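Take a look at the structure below.
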Amino acid sequence: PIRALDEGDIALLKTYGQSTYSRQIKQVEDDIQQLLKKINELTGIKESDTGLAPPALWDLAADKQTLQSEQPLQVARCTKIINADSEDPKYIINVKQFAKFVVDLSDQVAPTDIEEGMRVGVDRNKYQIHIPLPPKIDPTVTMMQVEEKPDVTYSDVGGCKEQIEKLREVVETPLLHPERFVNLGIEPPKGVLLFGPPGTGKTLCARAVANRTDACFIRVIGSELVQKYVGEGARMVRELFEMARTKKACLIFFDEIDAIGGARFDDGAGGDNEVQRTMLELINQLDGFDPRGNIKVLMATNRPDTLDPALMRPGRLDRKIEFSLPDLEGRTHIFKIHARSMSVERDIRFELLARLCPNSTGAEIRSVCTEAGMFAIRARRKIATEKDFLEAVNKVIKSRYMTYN
Amino acid sequence: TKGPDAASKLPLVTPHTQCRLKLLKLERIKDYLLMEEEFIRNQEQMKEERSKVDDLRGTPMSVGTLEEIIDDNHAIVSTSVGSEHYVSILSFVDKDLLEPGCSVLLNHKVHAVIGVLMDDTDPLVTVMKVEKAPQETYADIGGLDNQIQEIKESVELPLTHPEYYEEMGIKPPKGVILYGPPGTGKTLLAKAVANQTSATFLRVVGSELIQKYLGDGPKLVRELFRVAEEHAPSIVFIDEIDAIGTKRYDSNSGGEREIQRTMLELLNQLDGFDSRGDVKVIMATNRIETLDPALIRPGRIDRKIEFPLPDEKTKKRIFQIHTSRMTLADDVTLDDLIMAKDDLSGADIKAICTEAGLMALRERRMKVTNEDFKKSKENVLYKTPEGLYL
Amino acid sequence: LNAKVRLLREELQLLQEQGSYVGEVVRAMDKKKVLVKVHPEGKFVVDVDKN
Amino acid sequence: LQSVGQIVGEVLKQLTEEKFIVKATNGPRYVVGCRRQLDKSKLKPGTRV
Amino acid sequence: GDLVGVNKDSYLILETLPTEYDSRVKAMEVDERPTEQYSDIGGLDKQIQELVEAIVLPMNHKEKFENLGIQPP
Ligand SMILES: Nc1ncnc2c1ncn2[C@@H]1O[C@H](COP(=O)(O)OP(=O)(O)OP(=O)(O)O)[C@@H](O)[C@H]1O
Ligand SMILES: Nc1ncnc2c1ncn2[C@@H]1O[C@H](COP(=O)(O)OP(=O)(O)OP(=O)(O)O)[C@@H](O)[C@H]1O
Ligand SMILES: [Mg+2]
Ligand SMILES: [Mg+2]
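Chains as they are written, first to last, in the authors' numbering: chain A, 21 to 419, 428 to 433; chain B, 40 to 86, 94 to 429, 434 to 440; chain C, 52 to 102; chain E, 50 to 98; chain F, 148 to 220.
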């Protein structure tokens with residue numbers, strides 16, 4: 021009992037209930053769309069900045085720099101000088117990803133400054149050496165290091181006194197005052213694992229460490245250590261620890277190390293043994309058949325129960341520190357720190373607010389202060405009041429206890 | 040500091056009805072477009095050293111990863127096949143702009159540094175930009191006044207009036223999570239933000255940052271936030287984030303560990319060691335309870351916005367909005383559908399309107415009616435024992 | 052017969068002409084230039100022809 | 050000094066008497082002819098050539 | 148299995164090469180011998196004694212092992 025629209029039904033519904041302007045509107049909209057397409061087509065495509073310098077800094081005749089000094093020397097690592105056979109050196113080279121070769125020098129004005137593994141330059145057709153090069157630096161690991169100190173001090177970390185003291189001891193006192201440790205005959209811990217509920221001042225304490233320390237600080241991107249090409253992650257961690265050893269006093273800061281390696285149980289993880297392998301290399305570097313030098317490690321993690329026991333062992337992570345939820349004094353101090361810069365009344369009870377926010381983290385308290393300011397803004401008021409802070413607490417901490433009176 | 044990318048969008052013709060005023064407005068848009076087209080045509084119709099410099103530049107220029115720049119005219123580059131060469135740098139290159147890892151350009155044959163190509167953004171992350179702007183303004187969102195206010199305070203006020211916050215030393219929220227049942231405006235309130243924002247909008251779906259190989263998901267997340275930080279202000283909208291971000295349990299498989307690694311990379315980008323620019327994140331979720339606390343943390347997600355099923359007045363707003371463009375008859379009182387205390391999302395209400403229109407068309411009538419709306423309500427909605439309480 | 056012979060000769064020429072690579076266009080940067088990645092080796096910026 | 054080495058490969062498919070599919074180790078797959086005196090039936094799928 | 152230099156084009160075995168060791172394999176050896184003690188490991192006297200036997204004794208007193216018919220694992 022439901023007819024189907026015929027030719028006439030459709031030819032009348034498109035022509036009977038109809039505005040006398042509908043056709044013109046439709047045509048004009050289609051024209052606008054087509055014109056937009058055509059305009060985008062004509063002016064489309066910008067000029068992708070290619071890196072050209074401003075004119076008058078260039079130097080033509082560089083076609084001669086391209087025809088002379090032409091040799092686009094490949095880089096090779098002399099892995100064996102074949103004993104030099106006294107005369108007739110007959111060096112060996114290890115052009116990576118390409119081949120091994122037996123070659124000689126060519127116009128090498130210092131045939132003695134060749135060594136083994138010196139990263140020589142080698143021509144394309146005849147593989148004679150032309151010029152040595154300095155050792156590889158691995159730009160990824162090179163930029164892993166922190167250069168600009170973050171603007172966080174040991175005064176914006178409120179509610180963490182014992183943890184700050186332990187971290188300061190382990191990470192700074194062996195660096196700035198070795199006299200006490202050598203006097204007492206105690207080798208201070210070399211390795212700290214900061215663990216606690218998400219958001220308690222772990223990375224904030226790491227930032228404060230980075231700001232205070234006068235020593236190499238290496239923030240390790242947990243994603244940069246995982247790659248394709250099995251063995252690449254292990255190679256990167258090896259080179260990272262090599263550079264750390266090169267530096268006089270180094271402070272590595274593996275953040276969210278739960279990414280790089282938990283338990284080693286593979287079972288169905290046959291495809292995830294590469295991460296376990298790089299974690300094993302990290303373990304070896306942290307403590308193995310070799311002194312580690314003046315390298316101190318920081319390791320931040322919310323969940324230090326998925327981690328490998330071989331990594332959590334107190335020969336690699338020696339001073340495990342827990343960032344617990346701050347007590348009432350800590351919460352009051354965090355409120356004071358975070359509301360120092362806020363435009364607030366002069367009689368707000370931050371002790372009361374710390375009481376109102378139990379089992380709350382420093383990030384939670386920061387959010388409370390921000391929402392108090394936001395409530396003040398949402399009323400055209402310049403000074404956030406105790407009422408606004410209480411509203412912010414109610415909105416952030418919680419979002428009936430009539431049995432607990 | 041390349042600058043906002045924005046999203047070009049034409050004006051909006053206020054009268055939705057088919058009348059001469061709408062025709063005049065559309066004709067004005069069209070005539071301006073025609074003048075622009077003819078102006079471009081006339082520019083190109085009325086229109094040496096750099097040409098020869100480009101001729102000297104290689105014809106099929108290759109792209110290689112610079113590594114350990116040396117001297118002032120010689121650097122080591124990579125061929126993107128693992129091999130690396132001790133190449134020279136022509137004077138054409140900028141210099142003082144090459145950095146290790148930068149995807150420099152190399153002459154095809156002689157292999158000399160001749161360009162820098164500082165636009166090596168991956169296609170996977172260039173596609174996820176917003177160049178159009180969906181035509182879903184805030185006037186298409188019935189109700190949700192509090193949710194709209196929250197998101198405006200988070201991603202609009204900090205760009206339109208950046209004096210309120212500096213006037214009290216407060217940093218506005220950098221992260222919002224829109225959580226709620228299946229269909230309540232969670233995606234409309236990102237579409238409206240994209241429509242009304244001057245910032246670079248970046249659509250993403252949590253099921254898209256996951257990649258096949260090892261270490262590629264984290265790399266994609268890092269690249270996404272790198273581009274989102276180069277373009278500023280920018281908003282990154284991760285729809286259905288519970289694709290990646292679910293609770294971080296102790297994995298036994300390898301793919302699960304890689305997915306959690308991607309999630310940790312996202313966490314570090316949201317709130318990590320170093321810093322975060324003016325990139326604001328909006329995640330969307332159906333089931334928030336299953337998300338990891340470290341992700342829902344109120345340093346990465348300052349605001350959490352629930353989108354509950356609409357109440358009566360909001361439902362009336364939805365019906366008004368979705369029947370506005372409909373030739374509603376005078377026999378229809380959109381109150382019987384409102385009052386029924388049944389779970390009705392805005393999506394359900396729109397489906398009800400569409401099905402009522404289809405019922406009218408089936409009955410051969412172009413004007414909907416109350417019986418049509420009743421039938422549509424009955425036939426659209428698909429989905434405690436009696437007397438157990440009371 | 053002339054048409055048949057010419058067809059065969061032209062087929063011979065066009066088939067003994069060298070092949071061609073296939074690449075994916077990353078971005079049509081600049082006019083007359085196109086950044087294209089050719090599998091499996093690296094990506095070049097090709098100078099597109101006038102056709 | 051004038052003895053250019055060969056390339057080791059494996060037979061795969063045994064096409065017509067004069068055609069053999071051979072995969073070169075660490076290399077592509079060709080269709081190749083067989084030397085006249087080499088004699089046949091000693092090149093079965095998997096045979097090294 | 149032997150390292151021989153070979154002509155690039157004809158691939159003809161030219162003069163042979165004695166031996167090749169990677170830089171990492173050369174570094175893969177103790178330069179500065181560690182030295183603390185045996186007494187510096189407590190508790191596992193049984194394990195240390197067993198390892199000392201099964202490693203050192205075959206190395207130094209090798210002859211007596213085959214004299215008595217012992218296989219030094
Ligand atoms: N004890 C504290 N004192 C002051 N501010 C704090 C404290 N704890 C947290 N905060 C605030 O919280 C944020 C710091 O969070 P942080 O990066 O330390 O978290 P986290 O514990 O490393 O968390 P996760 O690793 O789970 O992301 C900043 O807003 C900081 O102001
Ligand atoms: N408050 C609302 N006002 C207007 N339309 C609404 C509203 N809520 C939902 N809709 C309608 O719902 C449909 C799409 O809903 P939307 O994309 O916002 O849902 P969602 O919350 O993202 O859902 P999901 O969890 O399934 O992705 C559109 O028809 C939109 O008009
Ligand atoms: Mg952290
Ligand atoms: Mg959605």
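Ideal placement from N, C-alpha and C gives every residue a C-beta, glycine not left out.
Separation of residue j from residue i, as counted between CA atoms
i         : j         : result
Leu59(C)  : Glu68(C)  : 14 Å
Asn416(B) : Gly37(A)  : 20 Å
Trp78(A)  : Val139(B) : 8 Å
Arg96(B)  : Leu102(B) : 10 Å
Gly403(B) : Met412(B) : 8 Å
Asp51(A)  : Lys69(B)  : 7 Å
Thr74(E)  : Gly74(C)  : 27 Å
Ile368(A) : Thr405(A) : 7 Å
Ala396(A) : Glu213(B) : 11 Å
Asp44(B)  : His277(B) : 7 Å
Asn433(A) : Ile364(B) : 43 Å
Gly216(A) : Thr173(A) : 20 Å
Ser391(B) : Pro228(B) : 8 Å
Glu436(B) : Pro180(B) : 46 Å
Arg97(E)  : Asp105(A) : 40 Å
Test item: CB-CB of residue i and residue j under 8 Å
i              : j         : result
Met394(A)      : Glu199(B) : yes
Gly137(A)      : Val95(A)  : no
residue 427(A) : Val133(B) : There are no atomic positions for residue 427(A) here, as chain A continues from 419 directly to 428.
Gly179(A)      : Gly350(A) : yes
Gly219(A)      : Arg343(B) : yes
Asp328(A)      : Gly251(A) : no
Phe237(A)      : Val166(A) : yes
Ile272(A)      : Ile315(A) : yes
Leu255(B)      : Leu248(B) : no
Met332(A)      : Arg239(A) : no
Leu380(B)      : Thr369(B) : yes
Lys61(B)       : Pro54(B)  : yes
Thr223(A)      : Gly318(B) : yes
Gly71(A)       : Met164(B) : yes
Buried versus exposed, by CB contacts within 10 Å (16 or more), residue i
i         : result
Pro131(A) : exposed
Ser321(B) : exposed
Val325(B) : buried
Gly300(B) : buried
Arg307(B) : buried
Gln193(B) : buried
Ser419(A) : exposed
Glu391(A) : buried
Near ligand 3: residue i beta-carbon under 7 Å from a heavy atom
i         : result
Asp338(B) : no
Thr434(B) : no
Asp348(B) : no
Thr223(A) : yes
Contacts around residue i, its chain only, beta-carbon distance under 8 Å, and the 5 residues preceding and following it disregarded
i         : result
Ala330(B) : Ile223, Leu224, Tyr225, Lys232, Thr233, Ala236, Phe283, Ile284, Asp285, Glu286, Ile287
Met385(B) : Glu358
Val201(B) : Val222, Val239, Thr243, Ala245, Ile281, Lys326, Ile328
Own chain, CB closer than 6 Å to residue i, minus 5 neighbours either side, in chain order
i         : result
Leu316(B) : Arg346
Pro106(B) : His154
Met256(A) : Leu245
Any non-hydrogen atom of ligand 1 closer than 7 Å to residue i Cβ
i         : result
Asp317(B) : yes
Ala374(A) : no
Residue i CB to nearest heavy atom of ligand 4 below 7 Å
i         : result
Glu286(B) : yes
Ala393(B) : no
Own chain partners of residue i with C-beta closer than 7 Å, once the 5 adjacent residues on each side are dropped
i        : result
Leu55(A) : none
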